[PDB]
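Here is the structure we will look at, set down as structure tokens.
Basis: the model, the stated rules and, where named, an outside source; these are not laboratory values. Cβ placement follows ideal geometry from the backbone for every residue including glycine, while neighbour counts extend to all protein chains displayed.
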RNA sequence: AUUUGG
RNA sequence: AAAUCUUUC
Ligand SMILES: [Zn+2]
């Protein structure tokens, strides 16, 4: 019962505290990777099992003429995943930590000295070349049928029910 | 070679200095300088400016972020064996957990509320009291700080008690909020380049610029100044307790405790120290000990010096200079108009730290350089090819790879040298996606993380959690076991091993 | 059961239904909806799950049975609950932010505030201090840099040979001869031999710094990359000769000679002595079976060796060359010489910057960058920014500083700015 | 930390 | 012995 020794005197701790416990070496990174052929084994595993499952994504094709200009701060607003998507990704077996990290809206300020006629937003590194980036609050609780819950009617007043059309638990507010 | 650059170059192409020297000498020198400033013979530590134009956020709810209360960085934990104080170095996570165990509290918020709610300093909050917490929080340990370019003599940082860390984190969060309210330059998400552009806009109306730095910054920001700023922004008893602990601080050097009543110890209240000068006057753009201001006549320069002296921001005569054609702040140099000064500037080299990590970091560095006008794209292409060749020379032995198929980097037994443009525009074999700066973590990074996490009797893992569960949720041993069992059962139901990695870029691209 | 949560719990469950129309959550603060004849165990009762829900502020637990479900309202407009459904319900319903009494404000004043304030008052306070007098003058001229270089040169002098800096050039011996020379040099110094590896044993240390002098520059450094790779390999493979394409070194652990029960295996913090071969013709010459070579040593820390081993010489040279001016030829002592000087010596300087773990050249470069952008500087103080001899100690860092200053002087002489 | 980098 | 309170299993 390490929980009784790590957090002696407390029967409950926050998830942040618990993870901090779960989650420096003078050896260089090269020697660490060489040790026990850990990097070689990881490369073999990646090439044999992990690599074939990687989804091939399309390449960038959009381009516009650009000219050197005064330094400016390009703002890229990368939106965060919505509840429906986050839940679908976690239920599909994706790493929950990565999904939670991506759940938050992100804003990136990058210095670029390059402008287009239409003032477009450029991809990372590809600014010189000109590769452009271009009621009831029905809530999806989960993608499963929780046991002993009401079936979704035609007019769900304010409760939480289960939808057959979409295999999920839907919460209707006001 | 840095001396013969046509443009501006700071010589950052090599890594920072390293040293195994003990921090005792540096800590002793810092304490001696603090004492000398305290006796008021070398520099000024008495704040005289008026901090009236600072909003009083006394009614703001007390906000605590738990992310910074736990970390692998060192910290000082104090024990009282038989009436004597023993200071031990331990990870900040372990120190905070021990603090919470000593005063039974579910989370730091409960500890803060209990500390602020007692009606006496001697009342018990578990196996301790507010008086004991204050007594223990004034003990610091000395550690060395190296790998800082331009600092051949490594500096001394100081590790504090978890209670001091908690109060400091609260006060610093609030001070940063006030700073952001003051001016738009202190927005949390602001790059050094954005700050430099803002400064160039601000100081465009005058002739001369005063690129300046403050000397003995930590040793000159007294506890009185911190308390004055905190009272100005309405910190209540938290600020008083923090100032009391700072005034009575002791540092354990070797095996002796040395009193350091003068000045703060290391950069901890950077927001408060900045806010001192910022609320004194709206004439500087300062980030701790780095400020920029402009003047038109010698009288304005004398007024600027008077303001700096009154704000306890002693000017550094060694590295403060006046310029008319250039501006510099946060190590970023611009022209008066706002353009980035031609030259390498702050570009830093990528040391060899893995067959694929090196390529990814080099790609990120070259992308940053090319997005600005640091170098043209063809130069970046040539540099990337050269780096790939060097990585091939360094990492192409059987101890790293046993493959010979194509589509692999030449450093992993393959015979392909991906062009920088092809890599950047996702025009490569999927194996190269990791090498992209925005791509998934490389194999080497995962291997290093696993090695660190596998180096005992540990608790059950609590990774791969549902995105909807907050990290502030209280969980017991049974709760953790149930969560792990449910997640493993669901993953098995999918006929799946450890969960598949998720990458935002790939997911958005294929959506 | 606190009255401050009556409004909070009232809005928590507006019209939620559980069976067909009946309210799912019954408020414990309302007589009409409260269940009569049963004890109250929470702010609300959930009929669907047959549970009790209680609301508590951040870090302010309430006196309720453990079975009661607690929903924590954090101070940053976020809510936490073990039951995901209740958390979602509170998040959706509490969109209208209504402040609840008892929230701990940052300005909260404790009962001991006055006592701590008096204690702070009784404690020592600082004195005013003197107001500095600042005179702004022009930046240092070529004469000042020349004066600094001459002062360094006359204070420390020069070595007869380049020592380990000469290891960047071929020693003129094949692999077998190099290995033989290294092994026989190790044997001649009475190094301990154990498990086929060499160890240097020490008993007493004269606690004073070693002799410091400026190393003259070899002609070139063709094997800089090879030398750095060898040093990187030696961080762990110590005690046996390590071979490269055109050079070899021997990193022997330096271990205390406690006695019969002495350290046998190197630990994390054990230092290394790196021995390298160069062309003969200096004091450190060694001969064996007709093979002659200059054997030069370097005592390196673990962190020093690690830092030196990770540097990328070729990429750094190319990046510097991207936007560089015409480098002039220089002599053995870093002096402008267009008659017999060599431009390859600059490469050597770069190698020195890689071998110096204190990276004093970085500080010199930062100060020179300040110098080139400066219209006026503080009198008699900015000039005292190139005087870094006190901040470093050793032959390698001293030579690095001296040649950084020489490079600054050469830039001022050849390409005035 | 040598097992295992030309 | 050396980049010397470091080379401290
Ligand atoms: Zn010699």
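Details
- Breaking point among (1) closer than 22 Å to residue B:283 by Cα; (2) facing another protein chain (nearest Cβ under 9 Å), for residue B:261: (1)
- Being in contact with a strand residue (DSSP E or B) (Cβ under 9 Å, 6 or more places away or on another chain) and farther than 28 Å from residue B:396 by Cβ is a property that holds for residue B:335.
- Residue among C:130, C:126 that alone is crowded, with 17+ Cβ neighbours inside 10 Å and not in a helix (DSSP H, G or I): C:126
- Check on residue B:56, part of a loop (DSSP other than H, G, I, E, B) and at the interface with another protein chain (Cβ under 7 Å from one of its Cβ atoms): no
- Residues of region C:64-78 satisfying the condition of being surrounded by 17 or more Cβ atoms within 10 Å (Cβ to Cβ) and at the interface with chain B (Cβ under 8 Å from one of its Cβ atoms): C:72, C:74, C:75
- None of A:49, A:35, A:31 is more than 7 Å from chain B (Cβ to nearest Cβ), within 25 Å of the chain's Cα centre (by Cα) and either part of a helix (DSSP H, G or I) or within 16 Å of the ligand (Cβ to nearest atom) (or both) except A:49.
- Residues being farther than 16 Å from residue C:249 by Cα and within 9 Å of RNA strand E (Cβ to nearest atom) - total across region C:285-300: 0
- Cβ-Cβ distances below 6 Å connect the following pairs, each with a first residue in region C:246-266 that is away from chain A (no Cβ under 14 Å) and closer than 16 Å to residue C:234 by Cβ, a second residue that is assigned to a strand (DSSP E or B) and within 16 Å of the ligand (Cβ to nearest atom), and a separation of six or more residues or different chains: C:249/C:274; C:249/C:276; C:250/C:275; C:252/C:273; C:254/C:273.
- Among the residues of region C:80-112, just one is assigned by TED's automatic domain parsing to the domain that holds residue C:60 and under 29 Å from residue B:130 (Cα atoms), namely C:80.
- Only residues that are over 24 Å from the mean Cα position of the chain (by Cα) and within 12 Å of chain A (Cβ to nearest Cβ) were counted across region B:337-368, and they come to 9.
- Candidates are the residues of region C:163-191 that are outside any helix (DSSP H, G or I) and touching a strand residue (DSSP E or B) at 6+ places or on another chain (Cβ under 8 Å); the one that is nearest to RNA strand E (Cβ to nearest atom) is C:189.
- Looking across region B:392-408 at every residue that is within 11 Å of chain A (Cβ to nearest Cβ) and buried (at least 17 other Cβ atoms within 10 Å of the Cβ), the one that is nearest to residue C:317 (Cα to Cα) is identified as B:394.
- Across region A:12-28, not a single residue is classified as under 14 Å from residue B:442 (Cβ atoms), crowded, with 18+ Cβ neighbours inside 10 Å, facing another protein chain (nearest Cβ under 7 Å) and touching a helix residue (DSSP H, G or I) at 6+ places or on another chain (Cβ under 7 Å).
- Subset of region B:375-391 (residues that are more than 9 Å from chain A (Cβ to nearest Cβ) and more than 16 Å from RNA strand D (Cβ to nearest atom)): B:375, B:378, B:379, B:381, B:382, B:383, B:384, B:385, B:386
- Selection over region B:465-487 of residues that are crowded, with 18+ Cβ neighbours inside 10 Å, more than 18 Å from residue C:79 (Cβ to Cβ) and in contact with a strand residue (DSSP E or B) (Cβ under 9 Å, 6 or more places away or on another chain) gives a count of 1.
- Qualifying residue in region C:305-327 (condition: surrounded by fewer than 24 Cβ atoms within 10 Å (Cβ to Cβ), assigned to a loop (DSSP other than H, G, I, E, B) and more than 7 Å from chain B (Cβ to nearest Cβ)): yes
- When region B:122-143 is filtered for residues that are in contact with a strand residue (DSSP E or B) (Cβ under 9 Å, 6 or more places away or on another chain) and either away from every other protein chain (no Cβ under 12 Å) or farther than 19 Å from residue B:104 by Cβ (or both), the ones remaining, listed by number, are B:132, B:135, B:136, B:137, B:138, B:139, B:140, B:141, B:142, B:143.
- Each residue in region A:102-126 was checked for being farther than 18 Å from residue B:377 by Cβ and not in a loop (DSSP other than H, G, I, E, B), and 5 of them qualify.
- Scanning region C:217-232 for residues that are surrounded by fewer than 19 Cβ atoms within 10 Å (Cβ to Cβ) and within 14 Å of chain A (Cβ to nearest Cβ) turns up nothing.
Conditions tested, residue by residue: (1) part of a helix (DSSP H, G or I); (2) within 21 Å of the chain's Cα centre (by Cα).
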| position | (1), (2) |
| --- | --- |
| C:332 | no, no |
| C:353 | yes, yes |
| C:361 | yes, yes |
| C:374 | no, no |
| C:412 | yes, no |
